[PDB]
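Here is the structure we will look at, set down as structure tokens.
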Amino acid sequence: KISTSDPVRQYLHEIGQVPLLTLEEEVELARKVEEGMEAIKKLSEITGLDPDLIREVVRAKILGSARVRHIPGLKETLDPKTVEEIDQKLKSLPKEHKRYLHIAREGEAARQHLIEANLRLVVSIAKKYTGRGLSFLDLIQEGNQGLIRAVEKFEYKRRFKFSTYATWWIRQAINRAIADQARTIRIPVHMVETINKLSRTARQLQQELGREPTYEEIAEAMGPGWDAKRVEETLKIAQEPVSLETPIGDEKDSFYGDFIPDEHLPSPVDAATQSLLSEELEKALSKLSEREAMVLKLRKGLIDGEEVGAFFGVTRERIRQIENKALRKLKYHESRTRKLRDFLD
Amino acid sequence: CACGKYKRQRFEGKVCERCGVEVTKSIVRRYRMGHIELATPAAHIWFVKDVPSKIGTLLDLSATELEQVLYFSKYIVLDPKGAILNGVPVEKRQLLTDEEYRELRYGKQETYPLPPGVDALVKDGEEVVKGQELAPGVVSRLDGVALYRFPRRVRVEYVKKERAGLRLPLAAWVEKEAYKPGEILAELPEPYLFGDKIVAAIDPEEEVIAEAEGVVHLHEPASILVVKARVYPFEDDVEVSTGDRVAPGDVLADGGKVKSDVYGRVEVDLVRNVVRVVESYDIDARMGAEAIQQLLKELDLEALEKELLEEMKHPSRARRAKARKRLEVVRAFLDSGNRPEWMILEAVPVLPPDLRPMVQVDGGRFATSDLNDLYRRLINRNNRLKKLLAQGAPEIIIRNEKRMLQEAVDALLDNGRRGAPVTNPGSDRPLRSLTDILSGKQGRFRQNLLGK
Ligand SMILES: [Mg+2]
Ligand SMILES: [Mg+2]
Ligand SMILES: [Mg+2]
Ligand SMILES: [Mg+2]
Ligand SMILES: [Mg+2]
Ligand SMILES: [Mg+2]
Ligand SMILES: [Mg+2]
Ligand SMILES: [Mg+2]
Ligand SMILES: [Mg+2]
Ligand SMILES: [Mg+2]
Ligand SMILES: [Mg+2]
Ligand SMILES: [Mg+2]
Ligand SMILES: [Mg+2]
Ligand SMILES: [Mg+2]
Ligand SMILES: [Mg+2]
Ligand SMILES: [Mg+2]
Ligand SMILES: [Mg+2]
Ligand SMILES: [Mg+2]
Ligand SMILES: [Mg+2]
Ligand SMILES: [Mg+2]
Ligand SMILES: [Mg+2]
Ligand SMILES: [Mg+2]
Ligand SMILES: [Mg+2]
Ligand SMILES: [Mg+2]
Ligand SMILES: [Mg+2]
Ligand SMILES: [Mg+2]
Ligand SMILES: [Mg+2]
Ligand SMILES: [Mg+2]
Ligand SMILES: [Mg+2]
Ligand SMILES: [Mg+2]
Ligand SMILES: [Mg+2]
Ligand SMILES: [Mg+2]
Ligand SMILES: [Mg+2]
Ligand SMILES: [Mg+2]
Ligand SMILES: [Mg+2]
Ligand SMILES: [Mg+2]
Ligand SMILES: [Mg+2]
Ligand SMILES: [Mg+2]
Ligand SMILES: [Mg+2]
Ligand SMILES: [Mg+2]
Ligand SMILES: [Mg+2]
Ligand SMILES: [Mg+2]
Ligand SMILES: [Mg+2]
Ligand SMILES: [Mg+2]
Ligand SMILES: [Mg+2]
Ligand SMILES: [Mg+2]
Ligand SMILES: [Mg+2]
Ligand SMILES: [Mg+2]
Ligand SMILES: [Mg+2]
Ligand SMILES: [Mg+2]
Ligand SMILES: [Mg+2]
Ligand SMILES: [Mg+2]
Ligand SMILES: [Zn+2]
């Protein structure tokens, strides 16, 4: 039906059935996650397989079958045969290293478990970064990505619990997202804070003048290198765009984009231009020596805009010689049979 | 070209060596199409929400409600087989809830009841919990009445201070007498002069005792796992060695997913050789266009054509009438044209660029086809999806996204059929959906005939 309530219910129901106890459960899972790490590395050490590989095979066996490996990541790990080979060597690990295998999996579980339990934490957080320009679900989701990040670095040896730790790792993820996706025309985090500062400042300035600050105040109040050109620029980027399609005038049926003309397209007038221009330019190009005329014709009209580097073997003296003598005989006979004079442009 | 290696007409049909650009003006930039590769499919709202759900009709599912049920949220439809019962056999095409679905895959009943104090229920439960099969309604005896009303075996968890006996290796290293030397026997204090058995009652924490540092004095559960616990399984090689050996060899998978006999999950407790074997079996459970994509591929329309032919002329008017309407869609599909596995979407065609302009206005204002805000929607969701799968994947969040994703895929196609997307606070206006483009108050075929 309507999307927010369902997920809210969705995880709030699962937290409702499994919140994590303050110390015990978070301690428990934490301990298992770390042991998993220490396990997977020791597995890498004895199998010579990359910890990345050991991590994905334990994931498959605990999180999902061939289905989850084939659709998500296209196909480099054979759906069946590949992962399985890897599990076999894991079995072969005698009593000593088999232990790590068994631990890795259970640890992997804990992870996902701890991650589940602290989803209320995200939503509570993500709740306040609401009106920034991101969808609540989008916001919770990035924040979610943030909590997963926290899970990778938390050291349970250092007594502090996951609560205060997740907060940071989540707030970071959110703010980033807000600054990275909120606008159509991307704007790095600095410009963002810049804009918040600009706004905030404009607020303190609205406080007493009764005059929406000329861009003079904003410069001053902002600080060190702020000037009028800077503020007019920043608020010009701050304006989000407009719907190219917006209801216009009497919104009966007016869509904004019919009124913008087109520039690359040669309006008839131009197509006609290019025809005579090319036909007459082509007539002159022939009745001439195919030497310094083509040099300057190709150097100017075929590639890019070098007198010396313009002519093949013959040096500068013959270039200027024929360039300026042919260019003028060409212009002065074109002065006679006036065809070009009427500036095609 | 973009860089300018080739710049006129002589070589009009060739592409640039270091950068790819074949040319004739920017019209190519407004006619070309790009596509997005979707993580986990979603479906066209144009085929799912038309009065006759062309997929609900073809796929005999609740034409209008079963769809909405599994599509947008988590209501699973058992796709191929699922041996374990609800009370009745595997529902070939029927749908179930998270709750009951949950009760399945992990094991029948989950009961975690953890005791209030340290000595009253912690003792009632412990005495009967470790090796004793606790029958249904096992009346644990102390706070109120700890009621375990379900199946097979039990697993208790922590223990503070009352008396320590028969528990796991945690406390072993604490009082060094048993883990340092063989002194657990003398640990029984004074009557020894006239497996675990500790002092009369000396430790009260879930700690490590270098110096009482790595601790956690808290609670103690008694979570009853309804699963069958095997201690000494043996070797019979008819089918591949199932379960485990005495103590040496352990062929079972670790403690997540392992199918041995009709029972299908296997947890492992290396404490005592205990191979926890849960009973629920491989039950293909899916939700979303994933599930429907499957269902759709599997159908041999010829069969349902013939099946409906008989259903059509033979039974009475109620089910035969339904079959006549359902025969229509299947007939054309087969007749001439294209086959029905395509209604599911996994590759979103993107409209040209110059058709979704980005333009400079006044002062520096810009103007872009509303379509682009919708595309970003999808792209971001599709990306975030990928990264969510890769980072690691907590179910709730993956679906949550998959949901947004779906909704998004609707948005560009057709906005408003299910809720209406909005540009941020400024105009509560339906971003023109491709659909809105074709039809619309003043759309395409429409104004294609109003005038030019
Ligand atoms: Mg409905
Ligand atoms: Mg190493
Ligand atoms: Mg080696
Ligand atoms: Mg190597
Ligand atoms: Mg398998
Ligand atoms: Mg590929
Ligand atoms: Mg699990
Ligand atoms: Mg947004
Ligand atoms: Mg809002
Ligand atoms: Mg976004
Ligand atoms: Mg700064
Ligand atoms: Mg602010
Ligand atoms: Mg002044
Ligand atoms: Mg902004
Ligand atoms: Mg209109
Ligand atoms: Mg000439
Ligand atoms: Mg000549
Ligand atoms: Mg010549
Ligand atoms: Mg000549
Ligand atoms: Mg040249
Ligand atoms: Mg050059
Ligand atoms: Mg030069
Ligand atoms: Mg040279
Ligand atoms: Mg010279
Ligand atoms: Mg003339
Ligand atoms: Mg080359
Ligand atoms: Mg080439
Ligand atoms: Mg190169
Ligand atoms: Mg109707
Ligand atoms: Mg019943
Ligand atoms: Mg029965
Ligand atoms: Mg207890
Ligand atoms: Mg006893
Ligand atoms: Mg005890
Ligand atoms: Mg003895
Ligand atoms: Mg004696
Ligand atoms: Mg004696
Ligand atoms: Mg004593
Ligand atoms: Mg004590
Ligand atoms: Mg303990
Ligand atoms: Mg210490
Ligand atoms: Mg406590
Ligand atoms: Mg025998
Ligand atoms: Mg065999
Ligand atoms: Mg069939
Ligand atoms: Mg047939
Ligand atoms: Mg019916
Ligand atoms: Mg303009
Ligand atoms: Mg948006
Ligand atoms: Mg992964
Ligand atoms: Mg918007
Ligand atoms: Mg509409
Ligand atoms: Zn180039």
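By convention here, the chains of the structure tokens are called A, B, ... in the order presented, each chain's residues are numbered starting at 1, and ligands are numbered starting at 1 in the order presented.
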Sorted by chain and rising residue number, which residues of chain A lie within 6 Å of chain B, and what are their closest atom pairs and distances in Å to one decimal, counting only C-alpha atoms, as a tab-separated table?
```
residue	atom	partner	partner_atom	distance
A:62	CA	B:256	CA	5.3
A:102	CA	B:254	CA	5.2
A:112	CA	B:394	CA	5.6
A:241	CA	B:366	CA	5.5
A:242	CA	B:367	CA	5.6
A:243	CA	B:370	CA	5.7
A:244	CA	B:367	CA	4.5
A:303	CA	B:7	CA	5.8
```
Can you tell me which residues come within 12 Å of ligand 41 when counting only C-alpha atoms and all ligand atoms, ideally as a tab-separated table (two decimals) with C-alpha atoms, in the first residue's frame?
```tsv
chain	number	residue	atom	x	y	z
A	157	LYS	CA	38.67	-4.76	23.17
A	158	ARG	CA	38.10	-1.01	23.64
A	159	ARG	CA	35.19	-1.19	26.10
B	207	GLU	CA	34.15	-12.86	32.52
B	208	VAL	CA	37.75	-13.85	31.78
B	209	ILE	CA	39.91	-13.93	34.92
B	210	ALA	CA	43.51	-12.72	34.14
B	211	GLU	CA	42.62	-10.05	36.64
B	212	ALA	CA	38.80	-9.73	36.68
B	213	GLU	CA	38.98	-7.47	33.56
B	214	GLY	CA	37.18	-8.88	30.46
B	215	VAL	CA	33.76	-9.22	32.18
```
Would you write out, as JSON lines, a table of all residues in chain A that have an atom no more than 12 Å from an atom of ligand 10, listing for each the closest atom pair and the distance in Å to one decimal, considering only C-alpha atoms and all ligand atoms and ordering rows by chain and rising residue number?
```
{"residue": "A:132", "atom": "CA", "partner": "ligand 10", "partner_atom_place_in_ligand_line": "1 (Mg)", "distance": 11.7}
{"residue": "A:133", "atom": "CA", "partner": "ligand 10", "partner_atom_place_in_ligand_line": "1 (Mg)", "distance": 9.0}
{"residue": "A:134", "atom": "CA", "partner": "ligand 10", "partner_atom_place_in_ligand_line": "1 (Mg)", "distance": 6.5}
{"residue": "A:135", "atom": "CA", "partner": "ligand 10", "partner_atom_place_in_ligand_line": "1 (Mg)", "distance": 7.6}
{"residue": "A:136", "atom": "CA", "partner": "ligand 10", "partner_atom_place_in_ligand_line": "1 (Mg)", "distance": 10.6}
{"residue": "A:137", "atom": "CA", "partner": "ligand 10", "partner_atom_place_in_ligand_line": "1 (Mg)", "distance": 10.0}
{"residue": "A:138", "atom": "CA", "partner": "ligand 10", "partner_atom_place_in_ligand_line": "1 (Mg)", "distance": 6.6}
{"residue": "A:139", "atom": "CA", "partner": "ligand 10", "partner_atom_place_in_ligand_line": "1 (Mg)", "distance": 8.8}
{"residue": "A:140", "atom": "CA", "partner": "ligand 10", "partner_atom_place_in_ligand_line": "1 (Mg)", "distance": 11.7}
{"residue": "A:141", "atom": "CA", "partner": "ligand 10", "partner_atom_place_in_ligand_line": "1 (Mg)", "distance": 10.3}
{"residue": "A:142", "atom": "CA", "partner": "ligand 10", "partner_atom_place_in_ligand_line": "1 (Mg)", "distance": 9.6}
{"residue": "A:174", "atom": "CA", "partner": "ligand 10", "partner_atom_place_in_ligand_line": "1 (Mg)", "distance": 11.4}
{"residue": "A:176", "atom": "CA", "partner": "ligand 10", "partner_atom_place_in_ligand_line": "1 (Mg)", "distance": 11.6}
{"residue": "A:177", "atom": "CA", "partner": "ligand 10", "partner_atom_place_in_ligand_line": "1 (Mg)", "distance": 7.9}
{"residue": "A:178", "atom": "CA", "partner": "ligand 10", "partner_atom_place_in_ligand_line": "1 (Mg)", "distance": 8.5}
{"residue": "A:179", "atom": "CA", "partner": "ligand 10", "partner_atom_place_in_ligand_line": "1 (Mg)", "distance": 10.4}
{"residue": "A:180", "atom": "CA", "partner": "ligand 10", "partner_atom_place_in_ligand_line": "1 (Mg)", "distance": 8.5}
{"residue": "A:181", "atom": "CA", "partner": "ligand 10", "partner_atom_place_in_ligand_line": "1 (Mg)", "distance": 5.0}
{"residue": "A:182", "atom": "CA", "partner": "ligand 10", "partner_atom_place_in_ligand_line": "1 (Mg)", "distance": 6.4}
{"residue": "A:183", "atom": "CA", "partner": "ligand 10", "partner_atom_place_in_ligand_line": "1 (Mg)", "distance": 8.7}
{"residue": "A:184", "atom": "CA", "partner": "ligand 10", "partner_atom_place_in_ligand_line": "1 (Mg)", "distance": 9.6}
{"residue": "A:186", "atom": "CA", "partner": "ligand 10", "partner_atom_place_in_ligand_line": "1 (Mg)", "distance": 11.6}
```
Can you write just those residues out, C-alpha atoms, as a compact mmCIF listing (two decimals), in the first residue's frame?
```
# COMPACT_ATOMS: atom_id res chain seq x y z
CA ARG A 132 17.71 17.95 3.49
CA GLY A 133 16.44 16.86 0.04
CA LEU A 134 16.55 13.10 0.34
CA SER A 135 13.77 10.59 0.74
CA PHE A 136 13.34 9.24 4.27
CA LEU A 137 13.87 5.69 2.95
CA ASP A 138 16.85 6.84 0.93
CA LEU A 139 18.19 8.53 4.07
CA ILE A 140 17.66 5.50 6.28
CA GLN A 141 19.22 3.27 3.60
CA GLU A 142 22.46 5.30 3.32
CA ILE A 174 24.10 10.30 5.71
CA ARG A 176 27.80 12.46 2.52
CA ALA A 177 24.72 11.14 0.70
CA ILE A 178 22.92 14.39 1.34
CA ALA A 179 25.77 16.28 -0.28
CA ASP A 180 26.31 13.78 -3.11
CA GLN A 181 22.81 12.93 -4.36
CA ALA A 182 20.52 15.76 -3.20
CA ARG A 183 21.10 17.89 -6.30
CA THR A 184 20.91 17.29 -10.06
CA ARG A 186 26.59 17.60 -8.29
```
Could you pull out the alpha helix (DSSP H) residues of segment 14-225 of chain A, going by DSSP on the backbone, and write them as an MDAnalysis selection string? chainID A and resid 14:17 24:47 51:63 66:70 81:92 95:117 120:126 136:153 162:181 189:209 215:222
Within 12 Å of ligand 33, counting only C-alpha atoms and all ligand atoms: which residues, as a VMD selection string? chain B and resid 122 to 132 163 to 167 195 to 197
N, CA and C atoms of the current selection, written as a PDB file, in the first residue's frame:
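File out.pdb, as written:
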```
ATOM      1  N   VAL B 122      17.116 -19.834  37.114  1.00  0.00           N
ATOM      2  CA  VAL B 122      18.403 -20.250  36.535  1.00  0.00           C
ATOM      3  C   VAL B 122      18.718 -21.704  36.911  1.00  0.00           C
ATOM      4  N   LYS B 123      18.178 -22.147  38.052  1.00  0.00           N
ATOM      5  CA  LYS B 123      18.378 -23.522  38.503  1.00  0.00           C
ATOM      6  C   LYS B 123      17.314 -24.470  37.913  1.00  0.00           C
ATOM      7  N   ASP B 124      16.031 -24.088  37.951  1.00  0.00           N
ATOM      8  CA  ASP B 124      14.968 -24.925  37.377  1.00  0.00           C
ATOM      9  C   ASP B 124      15.282 -25.280  35.941  1.00  0.00           C
ATOM     10  N   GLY B 125      15.568 -24.245  35.160  1.00  0.00           N
ATOM     11  CA  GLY B 125      15.896 -24.424  33.762  1.00  0.00           C
ATOM     12  C   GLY B 125      17.162 -25.236  33.522  1.00  0.00           C
ATOM     13  N   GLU B 126      18.287 -24.840  34.128  1.00  0.00           N
ATOM     14  CA  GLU B 126      19.572 -25.526  33.941  1.00  0.00           C
ATOM     15  C   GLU B 126      19.503 -27.032  34.175  1.00  0.00           C
ATOM     16  N   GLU B 127      18.973 -27.452  35.321  1.00  0.00           N
ATOM     17  CA  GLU B 127      18.866 -28.879  35.655  1.00  0.00           C
ATOM     18  C   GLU B 127      18.256 -29.719  34.492  1.00  0.00           C
ATOM     19  N   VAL B 128      17.189 -29.197  33.881  1.00  0.00           N
ATOM     20  CA  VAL B 128      16.447 -29.876  32.805  1.00  0.00           C
ATOM     21  C   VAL B 128      16.836 -29.424  31.382  1.00  0.00           C
ATOM     22  N   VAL B 129      17.730 -28.454  31.242  1.00  0.00           N
ATOM     23  CA  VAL B 129      18.015 -27.894  29.912  1.00  0.00           C
ATOM     24  C   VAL B 129      19.112 -28.537  29.031  1.00  0.00           C
ATOM     25  N   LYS B 130      20.289 -28.865  29.566  1.00  0.00           N
ATOM     26  CA  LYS B 130      21.417 -29.307  28.724  1.00  0.00           C
ATOM     27  C   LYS B 130      21.285 -30.606  27.912  1.00  0.00           C
ATOM     28  N   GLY B 131      20.960 -31.748  28.510  1.00  0.00           N
ATOM     29  CA  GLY B 131      20.879 -32.959  27.699  1.00  0.00           C
ATOM     30  C   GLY B 131      19.493 -33.547  27.653  1.00  0.00           C
ATOM     31  N   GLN B 132      18.682 -33.084  28.595  1.00  0.00           N
ATOM     32  CA  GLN B 132      17.307 -33.520  28.751  1.00  0.00           C
ATOM     33  C   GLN B 132      16.394 -32.999  27.643  1.00  0.00           C
ATOM     34  N   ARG B 163      25.887 -22.124  42.106  1.00  0.00           N
ATOM     35  CA  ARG B 163      26.673 -23.359  42.079  1.00  0.00           C
ATOM     36  C   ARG B 163      27.007 -23.646  40.625  1.00  0.00           C
ATOM     37  N   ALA B 164      28.262 -23.966  40.304  1.00  0.00           N
ATOM     38  CA  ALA B 164      28.640 -24.206  38.906  1.00  0.00           C
ATOM     39  C   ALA B 164      28.884 -25.678  38.614  1.00  0.00           C
ATOM     40  N   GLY B 165      28.092 -26.244  37.699  1.00  0.00           N
ATOM     41  CA  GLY B 165      28.241 -27.652  37.354  1.00  0.00           C
ATOM     42  C   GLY B 165      27.704 -27.988  35.958  1.00  0.00           C
ATOM     43  N   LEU B 166      28.504 -28.757  35.218  1.00  0.00           N
ATOM     44  CA  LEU B 166      28.147 -29.249  33.896  1.00  0.00           C
ATOM     45  C   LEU B 166      28.181 -28.237  32.769  1.00  0.00           C
ATOM     46  N   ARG B 167      28.594 -27.003  33.047  1.00  0.00           N
ATOM     47  CA  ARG B 167      28.623 -25.942  32.024  1.00  0.00           C
ATOM     48  C   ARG B 167      29.855 -26.004  31.103  1.00  0.00           C
ATOM     49  N   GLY B 195      32.503 -33.060  31.412  1.00  0.00           N
ATOM     50  CA  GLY B 195      31.873 -33.065  32.731  1.00  0.00           C
ATOM     51  C   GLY B 195      32.385 -31.910  33.580  1.00  0.00           C
ATOM     52  N   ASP B 196      31.476 -31.250  34.297  1.00  0.00           N
ATOM     53  CA  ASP B 196      31.866 -30.116  35.126  1.00  0.00           C
ATOM     54  C   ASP B 196      31.175 -30.093  36.489  1.00  0.00           C
ATOM     55  N   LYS B 197      32.003 -29.875  37.502  1.00  0.00           N
ATOM     56  CA  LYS B 197      31.605 -29.760  38.895  1.00  0.00           C
ATOM     57  C   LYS B 197      32.569 -28.788  39.550  1.00  0.00           C
TER      58      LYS B 197
END
```
Neighbourhood of ligand 17 at 10 Å, counting only C-alpha atoms and all ligand atoms, reported as a list in words: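 Listing the residues within 10 Å of ligand 17 gives residues 283, 284, 285, 286, 287, 288, 289, 290 and 291 of chain A.
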Convert the current residue selection to file output with N, CA, C and O atoms, as a PDB file, in the first residue's frame.
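New file out-v2.pdb:
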```pdb
ATOM      1  N   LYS A 283      35.361  26.397 -55.764  1.00  0.00           N
ATOM      2  CA  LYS A 283      35.709  26.816 -57.124  1.00  0.00           C
ATOM      3  C   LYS A 283      37.054  27.564 -57.136  1.00  0.00           C
ATOM      4  O   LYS A 283      37.880  27.365 -58.030  1.00  0.00           O
ATOM      5  N   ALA A 284      37.260  28.423 -56.141  1.00  0.00           N
ATOM      6  CA  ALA A 284      38.500  29.184 -56.019  1.00  0.00           C
ATOM      7  C   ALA A 284      39.674  28.272 -55.697  1.00  0.00           C
ATOM      8  O   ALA A 284      40.755  28.429 -56.259  1.00  0.00           O
ATOM      9  N   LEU A 285      39.445  27.319 -54.792  1.00  0.00           N
ATOM     10  CA  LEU A 285      40.460  26.355 -54.342  1.00  0.00           C
ATOM     11  C   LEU A 285      41.064  25.529 -55.482  1.00  0.00           C
ATOM     12  O   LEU A 285      42.210  25.065 -55.374  1.00  0.00           O
ATOM     13  N   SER A 286      40.299  25.347 -56.560  1.00  0.00           N
ATOM     14  CA  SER A 286      40.737  24.547 -57.711  1.00  0.00           C
ATOM     15  C   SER A 286      41.569  25.351 -58.739  1.00  0.00           C
ATOM     16  O   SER A 286      42.693  24.943 -59.089  1.00  0.00           O
ATOM     17  N   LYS A 287      41.027  26.483 -59.209  1.00  0.00           N
ATOM     18  CA  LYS A 287      41.682  27.341 -60.217  1.00  0.00           C
ATOM     19  C   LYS A 287      43.028  27.884 -59.734  1.00  0.00           C
ATOM     20  O   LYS A 287      43.690  28.661 -60.430  1.00  0.00           O
ATOM     21  N   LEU A 288      43.419  27.471 -58.537  1.00  0.00           N
ATOM     22  CA  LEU A 288      44.652  27.911 -57.929  1.00  0.00           C
ATOM     23  C   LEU A 288      45.630  26.783 -57.856  1.00  0.00           C
ATOM     24  O   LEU A 288      45.312  25.601 -58.047  1.00  0.00           O
ATOM     25  N   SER A 289      46.840  27.186 -57.554  1.00  0.00           N
ATOM     26  CA  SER A 289      47.858  26.215 -57.372  1.00  0.00           C
ATOM     27  C   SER A 289      47.470  25.399 -56.153  1.00  0.00           C
ATOM     28  O   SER A 289      47.118  25.958 -55.103  1.00  0.00           O
ATOM     29  N   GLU A 290      47.510  24.082 -56.285  1.00  0.00           N
ATOM     30  CA  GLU A 290      47.152  23.256 -55.162  1.00  0.00           C
ATOM     31  C   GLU A 290      48.268  23.243 -54.113  1.00  0.00           C
ATOM     32  O   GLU A 290      48.389  22.279 -53.354  1.00  0.00           O
ATOM     33  N   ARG A 291      49.074  24.310 -54.063  1.00  0.00           N
ATOM     34  CA  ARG A 291      50.179  24.392 -53.094  1.00  0.00           C
ATOM     35  C   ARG A 291      49.785  25.114 -51.787  1.00  0.00           C
ATOM     36  O   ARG A 291      48.951  24.609 -51.027  1.00  0.00           O
TER      37      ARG A 291
END
```
Using only C-alpha atoms and all ligand atoms, what are the residues with an atom within 8 Å of ligand 14, set out as an NGL selection string? :A and (179 or 182-183 or 187 or 192 or 195 or 237-240)
Give me, as a PyMOL selection string, all polymer residues having an atom no more than 9 Å from residue 219 of chain A, counting only C-alpha atoms and skipping those fewer than 6 positions away in the same chain. chain A and resi 198+225-228+230-231
Enumerate as a PyMOL selection string all residues of segment 236-395 of chain B assigned to strand (DSSP E) by DSSP on the backbone, naming them with the chain letters and numbers the document uses. chain B and resi 265-269+274-278+283-286+344-350+358-360+366-368
Which chains and residue numbers are within 8 Å of ligand 20, counting only C-alpha atoms and all ligand atoms, if I want them as a ChimeraX atom specification? /A:294-300,302-303,310
File of the preceding selection, C-alpha atoms, as a PDB file, in the first residue's frame:
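Generated output (part.pdb):
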```
ATOM      1  CA  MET A 294      45.512  23.932 -49.800  1.00  0.00           C
ATOM      2  CA  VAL A 295      48.118  24.309 -46.992  1.00  0.00           C
ATOM      3  CA  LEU A 296      46.201  27.225 -45.503  1.00  0.00           C
ATOM      4  CA  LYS A 297      42.866  25.750 -46.638  1.00  0.00           C
ATOM      5  CA  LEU A 298      43.528  22.469 -44.821  1.00  0.00           C
ATOM      6  CA  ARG A 299      45.524  23.995 -41.984  1.00  0.00           C
ATOM      7  CA  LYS A 300      42.664  26.446 -41.344  1.00  0.00           C
ATOM      8  CA  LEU A 302      40.335  20.948 -42.101  1.00  0.00           C
ATOM      9  CA  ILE A 303      42.157  20.249 -38.748  1.00  0.00           C
ATOM     10  CA  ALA A 310      52.192  24.776 -42.293  1.00  0.00           C
TER      11      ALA A 310
END
```
Please provide as a JSON list (two decimals) with C-alpha atoms, in the first residue's frame all residues within 12 Å of residue 344 of chain B, with the sequence filter that same-chain residues fewer than 4 positions apart are discarded (counting only C-alpha atoms).
```json
[["chain", "number", "residue", "atom", "x", "y", "z"],
["B", 38, "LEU", "CA", 18.93, -3.56, -12.87],
["B", 40, "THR", "CA", 17.20, -7.72, -9.10],
["B", 41, "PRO", "CA", 14.36, -7.20, -11.69],
["B", 42, "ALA", "CA", 11.16, -5.32, -11.20],
["B", 43, "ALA", "CA", 8.13, -5.17, -13.44],
["B", 44, "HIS", "CA", 6.38, -2.82, -15.74],
["B", 45, "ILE", "CA", 3.54, -1.09, -14.04],
["B", 46, "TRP", "CA", 1.98, -0.89, -17.53],
["B", 47, "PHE", "CA", 1.37, -4.60, -17.47],
["B", 48, "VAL", "CA", 0.84, -5.15, -13.82],
["B", 54, "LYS", "CA", -1.89, -9.12, -18.08],
["B", 55, "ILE", "CA", 0.44, -11.08, -15.81],
["B", 71, "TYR", "CA", 5.42, -7.59, -5.88],
["B", 288, "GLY", "CA", 9.22, -9.53, -6.16],
["B", 289, "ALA", "CA", 9.61, -9.63, -9.95],
["B", 290, "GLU", "CA", 12.19, -12.29, -9.20],
["B", 291, "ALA", "CA", 9.46, -14.78, -8.38],
["B", 292, "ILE", "CA", 7.26, -13.81, -11.34],
["B", 293, "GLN", "CA", 10.07, -13.87, -13.78],
["B", 294, "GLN", "CA", 10.53, -17.51, -12.81],
["B", 295, "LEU", "CA", 6.85, -18.41, -13.01],
["B", 296, "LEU", "CA", 6.56, -16.72, -16.37],
["B", 297, "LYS", "CA", 9.50, -18.62, -17.96],
["B", 339, "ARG", "CA", 6.62, -14.46, -26.44],
["B", 340, "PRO", "CA", 5.62, -13.42, -22.74],
["B", 348, "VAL", "CA", 15.60, -0.31, -18.50],
["B", 406, "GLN", "CA", 10.62, -1.14, -7.93],
["B", 409, "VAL", "CA", 11.07, 1.68, -12.16]]
```
Close residues, residue 22 of chain B itself excluded, 8 Å, only C-alpha atoms, min 6 positions apart in chain, as a list in words: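 My reading of the contact set: residues 1, 12, 13, 14, 15 and 16 of chain B.
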Filtering to N, CA and C atoms, could you give me those residues as an mmCIF file, in the first residue's frame?
```cif
data_model
loop_
_atom_site.group_PDB
_atom_site.id
_atom_site.type_symbol
_atom_site.label_atom_id
_atom_site.label_comp_id
_atom_site.auth_asym_id
_atom_site.auth_seq_id
_atom_site.Cartn_x
_atom_site.Cartn_y
_atom_site.Cartn_z
ATOM 1 N N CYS B 1 34.666 15.970 -34.130
ATOM 2 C CA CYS B 1 34.755 15.000 -33.037
ATOM 3 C C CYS B 1 34.832 15.757 -31.685
ATOM 4 N N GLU B 12 33.754 10.968 -43.220
ATOM 5 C CA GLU B 12 32.446 10.975 -42.549
ATOM 6 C C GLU B 12 31.995 9.659 -41.877
ATOM 7 N N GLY B 13 32.451 8.488 -42.328
ATOM 8 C CA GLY B 13 31.950 7.257 -41.714
ATOM 9 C C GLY B 13 32.884 6.528 -40.758
ATOM 10 N N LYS B 14 34.020 7.124 -40.411
ATOM 11 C CA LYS B 14 34.988 6.450 -39.543
ATOM 12 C C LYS B 14 35.002 7.008 -38.111
ATOM 13 N N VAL B 15 35.512 6.197 -37.177
ATOM 14 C CA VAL B 15 35.617 6.581 -35.770
ATOM 15 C C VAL B 15 37.083 6.865 -35.376
ATOM 16 N N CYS B 16 37.237 7.775 -34.417
ATOM 17 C CA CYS B 16 38.525 8.264 -33.902
ATOM 18 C C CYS B 16 39.271 7.185 -33.072
#
```
Could you give me, as a list in words, every polymer residue with an atom at most 8 Å away from an atom of ligand 38, counting only C-alpha atoms and all ligand atoms? residues 189, 199, 200, 201 and 202 of chain B
For the contact check between chain A and ligand 2, emit one row per residue of chain A within 9 Å, containing the shortest atom pair and the distance in Å rounded to one decimal, counting only C-alpha atoms and all ligand atoms, chain then rising number order, as CSV.
```
residue,atom,partner,partner_atom_place_in_ligand_line,distance
A:41,CA,ligand 2,1 (Mg),6.6
A:42,CA,ligand 2,1 (Mg),7.5
A:44,CA,ligand 2,1 (Mg),7.5
A:45,CA,ligand 2,1 (Mg),5.9
```
Using only C-alpha atoms and all ligand atoms, find each residue with an atom at most 8 Å away from ligand 30 and format the answer as a count of residues only. 3
